[PDB]
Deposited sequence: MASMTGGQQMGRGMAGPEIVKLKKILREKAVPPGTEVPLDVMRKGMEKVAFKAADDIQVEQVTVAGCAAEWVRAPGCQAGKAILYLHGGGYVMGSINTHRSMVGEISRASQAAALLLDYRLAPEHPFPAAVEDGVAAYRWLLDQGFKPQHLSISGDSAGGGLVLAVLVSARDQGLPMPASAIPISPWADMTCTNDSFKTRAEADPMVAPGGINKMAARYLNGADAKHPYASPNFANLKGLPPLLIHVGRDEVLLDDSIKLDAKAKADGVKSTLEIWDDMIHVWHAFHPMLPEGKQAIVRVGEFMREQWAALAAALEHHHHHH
């Protein structure tokens, strides 16, 4: 059977949930994400930086190896999320990986549509290189929309001559704005999380939804660094992940897909109360470390 903690949490997530279809204004989804956010661990230290004209924070857990860094891209459908919403989970990734996180406040839609977010990530990446981190000492990670961005930034950085970092970890990536995959119909009644279609609409602002940099499941992945992909079995966006793994391996990329039973979208984020949460973060970190020692 299935861990009790996830059952409890699924129960809670279905209660707190807004009923299907009802139209929640943007600045209400935004403020609500900010209010429910977990506070980071008391031993997580933080330093406000500005990077490529974006607010950011370095998020250093205890044990960070000097010279290593993670460019981290937060979720929120390209329309929401913030440094604040992700500080906790990212704090723990820093812990597991023994590496400082650069936690970027990239430009959000609809105020700043695509490719604004990709422009910010690529530039965030340039900035790190200019600060003297060696591509082989770098990693890129992100969740939900952030997971897509991770890929988008890789593909775009590559097209621009930037060197690929050592590893890349999309968590529950959203890599197909078309939102047409089976798993939307198949896995629907199991994901407690046209609301996602609205976000694509806000992000794209008229753009080709099969744009390489918007939906990286349609891009040329040739030459990307090794990938860990986390996804839960019980989420709508399962296919995004599976098709991403197949796409990568087809393009020569060293991909490792882990589908985790019973799990939900970015279950990582619920690490405080969900042991699989902490488990998968620890694995993210082990893999960033595995990739850096080779």
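Gaps in the model relative to the deposited sequence occur at 1-13, 207-209, 311-322, listed in sequence order.
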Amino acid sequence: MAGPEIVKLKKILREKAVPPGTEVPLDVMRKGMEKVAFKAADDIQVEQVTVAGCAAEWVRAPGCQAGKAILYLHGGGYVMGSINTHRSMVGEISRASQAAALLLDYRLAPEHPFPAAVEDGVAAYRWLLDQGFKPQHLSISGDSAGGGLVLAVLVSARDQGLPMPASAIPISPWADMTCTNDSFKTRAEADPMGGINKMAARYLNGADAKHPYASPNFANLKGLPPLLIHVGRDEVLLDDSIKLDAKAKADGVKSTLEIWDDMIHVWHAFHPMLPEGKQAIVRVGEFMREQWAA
From here on, numbers count along this sequence of modelled residues.
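Averaged over CA atoms, B-factors in the entry run higher in 159-167 than in the other of 159-167 and 143-151. Higher mean CA B-factor, judged across 90-98 and 75-83 from the recorded values: 90-98.
Highest C-alpha temperature factor among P212, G121, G195, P110, as the PDB entry reports it: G195. For the set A52, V28, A69, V231, the PDB entry puts the maximum C-alpha B factor at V28. Split the chain's modelled residues into thirds by C-alpha temperature factor. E57 is in the lowest one. Sort the chain's modelled residues by C-alpha temperature factor and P173 lands in the lowest third, per the entry. Ranked within its chain, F133 lands in the middle third, by CA B factor from the PDB record. When the modelled residues of the chain are ordered by their C-alpha B factor, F184 lands in the highest third. For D208, the recorded CA B-factor ranks within the middle third of the chain. Only modelled residues enter the ranking.
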